[PDB]
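Okay, so here's just one chain, in structure tokens, the form deposited in one PDB entry.
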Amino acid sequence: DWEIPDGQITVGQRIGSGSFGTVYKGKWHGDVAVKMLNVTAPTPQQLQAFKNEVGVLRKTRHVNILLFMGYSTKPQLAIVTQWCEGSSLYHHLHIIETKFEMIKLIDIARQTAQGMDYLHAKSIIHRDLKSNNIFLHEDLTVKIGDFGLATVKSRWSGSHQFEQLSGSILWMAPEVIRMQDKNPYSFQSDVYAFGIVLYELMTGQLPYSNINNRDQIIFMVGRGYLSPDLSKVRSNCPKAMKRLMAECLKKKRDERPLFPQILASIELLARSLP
């Protein structure tokens, strides 16, 4: 029973909202992040699946994984996770425009696969891997947040969890987009998102830079008509790397590699470089 009474958490400044919550900077034996979930009144059938998932998320511990600290159902349902200093990868690439050396770019990619490889090893599907959910603790180590939590991301009817699909669309694999092929979320759907993140690191751009229509992306990526333009990969990027990015982005999920092989590829080209 990993719950938390109301009076324990000192909720503070509202930080922002995402695809399934709003985050506040809280206090709880130190700074935490309090994300007030969107599904306000949950089902006793939903609530027991959410508790069950918290159990799996509490037993996760990795240097590249934001610690999950538990939850609280008191005023409203909420999630308490480690607070991170400094900016997300999204901010660094797309807002601050931080000028990392290409050697550090590859290292950001290495630690991220490193962390994903652990979640998959503990049979956890992220469902929301994007640079917004990757922080850089002390401008050094990579830390992946907002993993798992399928049960509170896809609101229920009473005993039926059906992903109505939410999240930012740029990292969604096509089969995820379509939401038809049974359970759409899978290891390879994360690998696909990971690929989009590579595209971020190698180009300093978000994908589909010339498309400015949300539903146009959803339809074309989901229909296999739209694909990130790999031309945009900057000139000083390893060939061995660009080929790795393209393996993760395969339109058919079964052709995508798994993270054991992926992490392998990055370390190989990490060594043999300077």
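Start at 1 and count along the sequence shown; that's the residue number. Here the rigid core means the biggest group of C-alpha atoms that line up within 1.5 Å when the two forms are laid on top of each other.
What comes next is about the form deposited in another entry, which does not appear here.
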Of the residues 94, 104, 155, 120, superposed on the core between this form and the one not shown, only the C-alpha of one moves by 2 Å or more, and that residue is 155
Could you tell me whether the Cα atom of residue 218 shifts by at least 2 Å between this form and the one not shown after core superposition? no
Take the rigid core as the frame of reference and indicate whether the C-alpha of residue 208 shifts by 2 Å or more between this form and the one not shown. no
Can we say the CA of residue 227 moves by at least 2 Å between this form and the one not shown when the core is superposed? no
Given that the CA-CA distance for residue 124 and residue 157 shifts by 3 Å or more in the other form, does it become closer or farther? closer
So the Cα-Cα distance between residue 150 and residue 124 shifts by 3 Å or more in the other form; is it shorter or longer than what we see here? closer
